[PDB]
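Residue-level structure breakdown
The primary structure of each chain is shown beneath.
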Amino acid sequence: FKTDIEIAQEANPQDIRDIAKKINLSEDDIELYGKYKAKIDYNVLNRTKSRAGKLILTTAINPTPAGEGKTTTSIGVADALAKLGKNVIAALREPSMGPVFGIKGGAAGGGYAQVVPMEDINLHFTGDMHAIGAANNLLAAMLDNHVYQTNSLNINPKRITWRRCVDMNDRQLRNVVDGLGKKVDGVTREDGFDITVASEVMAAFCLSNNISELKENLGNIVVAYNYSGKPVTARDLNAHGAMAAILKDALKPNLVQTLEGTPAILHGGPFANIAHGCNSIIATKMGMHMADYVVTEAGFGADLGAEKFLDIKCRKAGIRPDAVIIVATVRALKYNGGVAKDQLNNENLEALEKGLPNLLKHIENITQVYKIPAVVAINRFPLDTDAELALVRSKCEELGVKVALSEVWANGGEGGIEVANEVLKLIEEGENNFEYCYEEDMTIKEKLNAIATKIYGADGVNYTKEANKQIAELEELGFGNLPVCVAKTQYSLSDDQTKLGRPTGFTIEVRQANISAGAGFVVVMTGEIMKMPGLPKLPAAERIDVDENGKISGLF
Amino acid sequence: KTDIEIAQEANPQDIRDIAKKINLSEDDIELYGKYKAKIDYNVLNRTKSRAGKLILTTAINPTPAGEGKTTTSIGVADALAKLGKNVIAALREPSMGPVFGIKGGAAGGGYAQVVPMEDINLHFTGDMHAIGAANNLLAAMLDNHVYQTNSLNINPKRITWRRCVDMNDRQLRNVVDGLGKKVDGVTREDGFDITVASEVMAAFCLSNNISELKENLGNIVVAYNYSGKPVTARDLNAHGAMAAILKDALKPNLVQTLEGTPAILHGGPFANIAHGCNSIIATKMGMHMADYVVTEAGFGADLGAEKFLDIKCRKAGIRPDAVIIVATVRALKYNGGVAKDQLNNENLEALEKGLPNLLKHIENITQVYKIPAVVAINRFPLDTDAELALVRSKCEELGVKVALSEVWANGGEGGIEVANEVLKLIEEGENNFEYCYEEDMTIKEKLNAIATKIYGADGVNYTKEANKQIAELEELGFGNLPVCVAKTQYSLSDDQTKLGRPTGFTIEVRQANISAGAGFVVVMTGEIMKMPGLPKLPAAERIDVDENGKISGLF
């Protein structure tokens, strides 16, 4: 048994200039950040011909307390396709540095399906998070400056929605009052900080097809409302040009590699509840432009990440997945059947059949609602009996979807050959009549009803009085044509985190709706959301140390 | 031509070729593009030093118009390269915040610049972001400790640590945080500084290595307990994580001048509440990789040079071999009573009235610190030969040559006269370097030595709160540390209107604070703005990006 850090330290990563050569990138097309990291110039998309690569989307069932192994499968499949002689790129998200100092930080993946360098990725990496935060906080500085100087835009201070950010888990900054002191020290008002990955800049950063669309999206950001009730934008403050300049280099995707030398692109990392939870469009487009196959993923389960990948990202990017990988484990399905977190290692065919409807619902959503070829990837554990694996296979064969066993955590690309070959079969043969869940012409409530009934399995959607008032205001201002991003719990298809398996007779309770005009969707809240996490009693930072030679210990 | 046209028309060499000039291998540097690199600080442990000489560039008290101190440092470095010397220019990295308020600007000016100018003004190599992340992590765990248990018995009204952001945001000067539910923290007053004002930056620049950085960060006093005792970052188990955040940032950044001379940019603290010099690691790396190092200190010789010598050189164990004092005829005539609009006209009477300012800085460098000095005059076209002869005559009486500098328009060729006099001062080797005070003196004795010897004051006056704060610092054991005086830079006194060389004045001290991480006591003679504000029409409104990602409007 080797830890993930031991494995990353014993692997021999190639010079990134050689990794770039695998995808036909020259020295003038990349900017080095050391010998193991590089940023890819996004202008290469204009002076090279596209390869029209295939898009493979990795999703999973609803998260369980001790699983969440979507990324290990994405990397293993990418390494597997490389073993089979394919030109493949893995497209993933960059994690937030903040949580590393609270709860222990981890690898991009795990076991022998990792991305290297592990230490840099968890920390500053190539500086993307700092640039997003600087753009977010510049807009806030220019907003408060306008109100302080003249307020010729007639901004109402009690209606300012823009919040500052920091890449730290600091509960102290959730609710603040600033602008205190002398008359030269600003205008007093209530304010607050989010974690940087929660900023709307991050969502617009990840949903821009190029630098021109980024500057336009940043300008459309609604930061406040005037006394007449009309939105005030970053463009009204003449700030989006400076924000785009701060993000000029950050928008270049970051090129790294897996343990086996497979090219990997890490770019962006928004939330999967108040945002779409996918990596940037630029990274996915660049992969499809430079490679024949692209393996990407979406956060949480297929009811949240895959739904937002298809109904938000793919719509704005003009792309369509050719195959979908649905990751699940026998332990996770038995958890949906009533087994506690301590009894999962024992064989239980009865609870496996009670939790299996969860996997079956995600299969029906991908294959019958969106009409995309799918394959179930089971991360096999040693104590998984042949009767348990045969039951999951039989119930999935009834829906026309194969079940491939995955062992990428211990064997790397060799553990994903069975999944990769089934994906290649789904791409060559098998139909793809990709359909969205809803259409843009529908109203906000019609789109919410389409998601809850088709995807979640609910009978309908209920709204609070505040929700009905906010939604109607959005319709009057012209935001009813945009997609909706539902912020609900990930542990269940419903909004109740205890309804495991496949709930039926339930309804969705909507309590808040806000506009993210930069990214181009409406955030609909079905509960309370923590946009700024807190530090525990004993933060992981207390164990982090540096020796006399500059070597970091205690990160993991 | 503007500074951008000169920087855009220049052909910068690949940074790997610049590294070869200073005997750096490929494994000794980390590339940030082909024009920037970070130097592994571990090279100082596996290679032998060249024992390079240290050249300090300072100037007279700043004037509201001319500011060519950095331009002279770069021009002289290029001049020494012309003479066949192995030279490195060591300078500071500017703050990104002000770029969005007023203009962004060149590292230098004219034909004495450092390239790439766009990256230096913006994210550069990410050092500023790392300084801010460490500052804000310590603040997060400080508030977290009080929220969880407060077993250290921290008094919230006595928390001195402030958060930071690299933006000119006046809104964050005075805040109240910890509001809301019981899970949202402990309510208290707080505030933000600009990142370069953080104490992390001063300790970052005053650490000889990564081990000293982690120890200095641990000594940072963030608050006081109810018993009046200091609470440190080490008490919070925070300095290990802070040093990790700064592991790569502590590596000096390698760039180049317009003429290919190697240049190192690292650190940039304030020159009033801090020492206003670049990092010790950068200066040590320069002396380790080159035979001559040209560095500078912010503001005039009464502030930057005093803190470079009495703080930086003390903690680093180095001593400058020569000092360059930069001045202009317009600046000296400004100290003589001429307004900002009448400076282009000849005025030999006002030139003699403002010259005592330059003469005072010469006496401080040569007679108090006993360092060879040379005056570099950035010559303007309307400077008459009679004006240049008067400045020369008054300086020859003090035993200091006057060399004319034209590096702004001609580059290294304009600084050959300055460079040759520096080498002449160096080839003698006589080192009688003395500090202004000694560590065993008390805080009040150290302030009196600075005010009388350097500033020219009769003495130092203190308010009752200043006497109370200083006495508290003495009880806690901080009286053995150097002092960093935070006063106006436009005058030798604390009154910004007393130009020239004031005589009958006294220094008024109103507050004293401890920066135990950096290792000095900050003494203010007035109010200091640690968070600047945006103007009515910020330069950010002119910044734009085209369809290919080219930035316009930065300068």
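- In its metadata, the entry names X-ray crystallography as the structure determination method and reports 2.0400 Å as the resolution.

1. Let's talk about the overall build of chain A
- Scanning chain A from terminus to terminus reveals 18 helices and 25 strands.
- Here the C-alpha atoms of chain A give a radius of gyration of 23 Å, agreeing with the 24 Å that 2.2 N^0.38 yields for 556 residues.
- Based on the C-alpha atoms only, the size of chain A along its principal axes is roughly 75 × 60 × 50 Å.
- In chain A, once contacts between residues fewer than 6 apart in sequence are set aside, the share between residues at least 24 apart is 75%.

2. Structural notes on the domain arrangement of chain B
Residue and element names in this part refer to chain B.
- On domain assignment, one finds that chain B holds domain 1 (1–126 + 246–441), domain 2 (127–245) and domain 3 (442–531).
- Using C-alpha coordinates to define each centre, domain 1 is positioned 26 Å away from domain 3.
- For the pair domain 1 and domain 3, the summed buried area comes to about 2800 Å², and 65% of that belongs to carbon and sulfur atoms.
- Residues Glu-363 and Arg-501 are paired through a salt bridge, measuring 3.1 Å at the closest nitrogen-oxygen approach.
- If you look at where domain 1 meets domain 3, you find 13 residue pairs in polar contact.
- Elements with a minimum of two residues in the side of domain 1 that touches domain 3: α11 (301–316) and α13 (348–368).
- Ranked by the residues each element gives to the side of domain 1 that touches domain 3, the list is headed by α11, at eight residues.
- Looking at the side of domain 1 that touches domain 3 residue by residue, the classes come out as 14 nonpolar, seven polar and 11 charged.

3. Observations regarding helix α18 (residues 464–476) of chain B
- Its 13 residues give α18 of chain B an end-to-end C-alpha distance of 19 Å, which sits within 8% of 18 Å, the value for a rise of 1.5 Å per residue.
- Phi turns positive, to about 95°, at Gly-477 of chain B, one or two residues after α18 of chain B.

4. Here's the deal with the interface of chain B and chain A
- Facing 71 residues of chain B, the contacting portion of chain A comprises 72 residues.
- For the pair chain B and chain A, the two sides together bury roughly 5900 Å², of which 57% comes from carbon and sulfur.
- Summed over the shared surface of chain B and chain A, the result is nine salt bridges.
- Elements supplying a minimum of two residues to the side of chain B that touches chain A: α6 (127–148), β8 (163–165), β9 (175–177), α8 (210–218), α9 (239–245) and β25 (544–545) of chain B.
- The biggest single contributor to the side of chain B that touches chain A is α6 of chain B, with 11 residues.
- Class assignment of the residues belonging to the side of chain B that touches chain A gives a composition of 33 nonpolar, 19 polar and 19 charged.

5. With respect to the packing of aromatic side chains
- Applying the stated rule across the entire model yields four aromatic pairs over all chains.
- On the basis of an interplanar angle of 70° and a centroid distance of 5.6 Å, the ring pair of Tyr-33 of chain A and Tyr-32 of chain B is categorised as edge-to-face. Within this pair, whereas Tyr-33 of chain A is found in the loop between β1 (30–32) and β2 (38–40), its partner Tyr-32 of chain B is found in the loop between β1 (29–31) and β2 (37–39), the two belonging to separate chains. Across this residue pair, the class does not change: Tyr-33 of chain A and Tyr-32 of chain B are buried.
- Here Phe-433 of chain B and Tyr-435 of chain B contribute two aromatic rings whose centre-to-centre distance is 5.1 Å and whose plane-to-plane angle is 75°, an arrangement assigned as edge-to-face.
- Here the basic side chain of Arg-331 of chain A rests over the ring of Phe-381 of chain A, its NZ or CZ set 5.6 Å away from the ring centre.
- Above the ring of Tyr-435 of chain B, the side-chain terminus of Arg-314 of chain B is found at 4.3 Å from the ring centroid.

6. Some thoughts on the nonpolar core
- If you look at the biggest cluster of nonpolar residues, it comprises 317 residues, and the most contacted ones within it are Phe-101, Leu-247, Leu-255 and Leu-359 of chain A together with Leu-246 and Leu-358 of chain B.
- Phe-124, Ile-416, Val-418 and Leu-425 of chain B belong to the second largest nonpolar core, which has 34 residues in total.

Thresholds, definitions, all that
- Residues numbered from 1 in each chain as written, not as in the entry; some residues may be left out.
- Chains lettered and ligands numbered in written order.
- Heavy atoms only, no water.
- Residues with missing side-chain atoms left out of burial classes, pairs and counts.
- Helix = DSSP H or I, 4+ residues; strand = E, 2+ residues; numbered from the N terminus.
- Rg over C-alpha atoms; globule rule 2.2 N^0.38 Å.
- Contact = heavy atoms within 4.5 Å.
- Domains from an automatic or database assignment.
- Buried area = accessible area lost by both parts, 1.4 Å probe.
- Salt bridge = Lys/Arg side-chain N within 4 Å of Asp/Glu carboxyl O.
- Polar contact = N/O pair within 3.5 Å; in protein donor to acceptor, adjacent residues only side chain to side chain.
- Nonpolar A, V, L, I, M, F, W, Y, C, P; charged D, E, K, R; others polar.
- Expected span 1.5 Å × (residues − 1).
- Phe/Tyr/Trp six-rings, centres within 6.5 Å; stacked < 30°, edge-to-face > 60°.
- Buried < 20%, exposed > 50% of the residue type's maximum accessible area, 1.4 Å probe, protein only.
- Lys NZ or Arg CZ within 6 Å of the ring centre and 35° of its normal.
- Core = buried A, V, L, I, M, F, W, Y, C linked by side-chain atoms within 4.5 Å.

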